[PDB]
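We begin with a single chain expressed as structure tokens, specifically the form deposited in one PDB entry.
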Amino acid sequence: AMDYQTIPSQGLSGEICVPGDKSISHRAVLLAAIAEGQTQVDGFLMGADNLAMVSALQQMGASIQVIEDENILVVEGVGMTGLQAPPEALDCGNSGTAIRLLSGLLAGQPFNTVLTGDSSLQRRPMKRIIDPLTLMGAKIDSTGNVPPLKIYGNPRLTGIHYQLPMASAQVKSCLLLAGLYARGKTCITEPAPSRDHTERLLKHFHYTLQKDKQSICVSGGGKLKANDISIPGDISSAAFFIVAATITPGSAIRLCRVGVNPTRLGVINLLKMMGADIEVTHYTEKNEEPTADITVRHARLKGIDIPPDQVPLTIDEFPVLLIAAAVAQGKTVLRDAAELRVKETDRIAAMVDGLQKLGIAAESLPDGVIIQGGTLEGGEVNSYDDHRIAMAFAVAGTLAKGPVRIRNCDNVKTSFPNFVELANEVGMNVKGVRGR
């Protein structure tokens, strides 16, 4: 077992490239696997989650070459129908995105699959996918609507028209994947926009798609065409440094080549409301995906009523955003964020606990949190095995009055394998030490 241990920072400095986008990586290798022809993937995120997806695809006869130190996959497509029946259960480790997306992929296969993962994965909710898949003709067994899932593939799904009841991109993605195998039209209606990476990669792989109103549709039985993909940096990964530089005096940093999808821009929009100093420049577009350079300077913050339309666009950044709230002047309130409770861990409970442990008055609500802006002390917090709780409290350590001990950090590598190295390079202080 490994812990992080911080000491305060005298200012972040420098220019860094965060590594690849986790969400786009999962979609990119999945689609390339069943495409026709050879897809080269740059910027692929080499973490435990994306690698678990790579493994699962290989269990089913995908032809994937992994060049770890360059962040490159070379994928030799097997076509829509080229997958083979895996002999064992697919272990998705800690990755929610992998189990929910694979389920959509696997539902229309002419074979059977067991999908499972770690302790945390085994508590994450699956009704949200089981139900609409089932309306398309899937059979999926589970106890208590959590993994493991046993999927009795049906190569004769029929498309549905379906409204998301929570703003979930995984659910939307799961269903479009199934949609490519179903007879007729599949249409997802989404009341509140969620991350649209799947949509973009379909267009990229020259599967036609159609926006309608709030709706997006595909028809089953089209063909996916190989096309090289270059993955921009994960702005979720950049979010830790964006905060860290915001709250640490004397900080000024440039973050190169980060993805700036507006459906992912939450944390920047919200920090800006709070008074932060954040410049977005040099806009590109490689492979449908907006990419830009982000400059961050130390600024003093003010508490906000987080407007609830930003919740979907910030869902992964609330752990680190709440560190910002803790050291703002005044009160911050988060509402309509109950989704935070069903993540890798319950993120509202995890953040209330560690913030209190570090001297912050923070109060839980069933769908959010009330934070009273204050002063971070040193002490000890628990990560609850959640990568982003670990990384948020490593950020907190930059301003905290004394050292911060963050217990159990091995799952940081699920989304950010070089976090410590990049944190130290720009002037945070974070070190791996033995745990218990």
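Just count from 1 along the sequence shown to find any residue number.
What follows is about the form deposited in another entry, which we do not show.
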Problem set entry | between the shown form and the other one, rigid part identical for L177 and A349 | no
Exercise. Knowing the Cα distance between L45 and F318 changes 3 Å or more in the other entry, does it shrink or grow relative to here?
Worked result: closer
Exercise. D367 to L175, Cα distance in the other entry relative to here: closer or farther, by 3 Å or more?
Worked result: farther
